[PDB]
Amino acid sequence: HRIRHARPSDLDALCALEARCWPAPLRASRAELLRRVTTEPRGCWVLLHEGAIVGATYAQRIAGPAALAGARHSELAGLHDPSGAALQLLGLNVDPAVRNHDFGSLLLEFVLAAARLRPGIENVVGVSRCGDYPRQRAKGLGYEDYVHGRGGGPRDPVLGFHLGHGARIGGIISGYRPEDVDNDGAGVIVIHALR
């Protein structure tokens with residue numbers, strides 16, 4: 001394994017990794033993937049396995065956790081605040097063929113460790129999602145109750161990824177990502193406190 005900063009040359013691999021991790025409606029464009037790496041150059045990392053980019057994390061520095069209120073998924077570049085006290089996770093992709101390596105938790109704990117070494121960063125936040133909500137929507141369960149685990153069943157795997165490491169839920173953004181039908185267009189704010 002080897003983790004390094006993302007470079008504009010990795011764009012073809014970052015798009016290839018994006019296509020394996022997400023279906024067509026949920027894929028970032030080549031322009032957006034380039035927008036992230038060039039806007040926050042020292043805030044994006046790639047994970048190399050067998051000489052290939054099997055993992056990628058994007059992030060930008062914004063004002064704080066409150067800046068995500070009523071934010072759309074596509075209209076996120078405007079939040080960039082280089083003097084802000086919080087680092088926003090724009091994405092964390094791990095190739096589906098390397099899931100048994102637990103590389104996902106490695107990239108997350110790497111970002112959390114790198115953010116605690118940058119002066120001024122107080123929180124690592126992001127707008128997560130639910131991977132198995134439609135099975136609960138058919139049971140009558142609401143999104144907010146399912147997200148907060150008040151339904152009785154186990155926590156959502158995509159949310160439990162951040163909850164398991166130490167993230168607390170910071171709210172739900174209605175209509176955050178209208179093409180994310182499995183989440184009813186919603187988005188869950190997770191907050192990784194650092195101190």
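Heads up: numbering here begins at 1 and tracks the sequence.
Remark: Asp81 pairs with no residue by the salt bridge (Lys or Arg N to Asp or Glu O under 4.0 Å) rule, at least two apart or across chains. For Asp182, the salt bridge (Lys or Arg N to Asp or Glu O under 4.0 Å) criterion is met by no residue, not counting sequence neighbours. Legend: residues meeting ring-ring contact (aromatic ring centres under 6.0 Å, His included) with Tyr133, ordered by chain and number and at least two apart, are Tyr143, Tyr146. Residues that satisfy the salt bridge (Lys or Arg N to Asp or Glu O under 4.0 Å) test with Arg61, not counting sequence neighbours, are absent from this structure. Under the rule for a salt bridge (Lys or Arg N to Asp or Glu O under 4.0 Å), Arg99 has no partner lying at least two apart in sequence or in another chain. For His148, the side chain to side chain contact (heavy atoms under 4.5 Å, CB included) test picks out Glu144, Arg150, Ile169, with sequence neighbours left out. Under the rule for a side-chain hydrogen bond (donor to acceptor under 3.5 Å, both in side chains), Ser9 has no partner lying at least two apart in sequence or in another chain. Taking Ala66 as the reference, nothing meets the side chain to side chain contact (heavy atoms under 4.5 Å, CB included) condition, with sequence neighbours excluded. Under the ring-ring contact (aromatic ring centres under 6.0 Å, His included) criterion, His49 pairs with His101, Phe103, sequence neighbours left out. Partners of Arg137 under the side-chain hydrogen bond (donor to acceptor under 3.5 Å, both in side chains) rule, at least two apart in sequence or in another chain, are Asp184.
Residues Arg4 and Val46 meet the side-chain proximity criterion, which asks for heavy atoms closer than 4.5 Å. Contact annotation: the side chain of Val188 never approaches that of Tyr176 to less than 4.5 Å [non-hydrogen atoms, C-beta and beyond].
Cluster membership check: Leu194 does not share its hydrophobic cluster with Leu163, using side-chain heavy-atom separations under 4.5 Å among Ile, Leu, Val, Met, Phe, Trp and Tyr.
One N or O on the side chain of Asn183 and one on the backbone of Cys130 form a donor-acceptor pair closer than 3.5 Å. A distance-only check finds no donor-acceptor pair linking the side chain of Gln60 to the backbone of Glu40 [under 3.5 Å].
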| task | Decide side chain to side chain contact (heavy atoms under 4.5 Å, CB included) for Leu90 and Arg35; before the verdict, give the C-alpha distance in whole Å, the side-chain angles of both, and the deciding distance to 0.1 Å. | result | CA-CA 11 Å; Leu90 298 179; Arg35 191 217 70 78; 3.7 Å; yes
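Within the hydrophobic cluster formed by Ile, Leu, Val, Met, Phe, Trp and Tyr side chains joined at under 4.5 Å, directly or through other members, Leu26 is accompanied by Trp22.
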Side-chain donor-acceptor pairs under 3.5 Å in residues 108-120, sequence neighbours left out?
unit_1, atom_1, unit_2, atom_2, d
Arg118, NH2, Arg42, O, 3.1

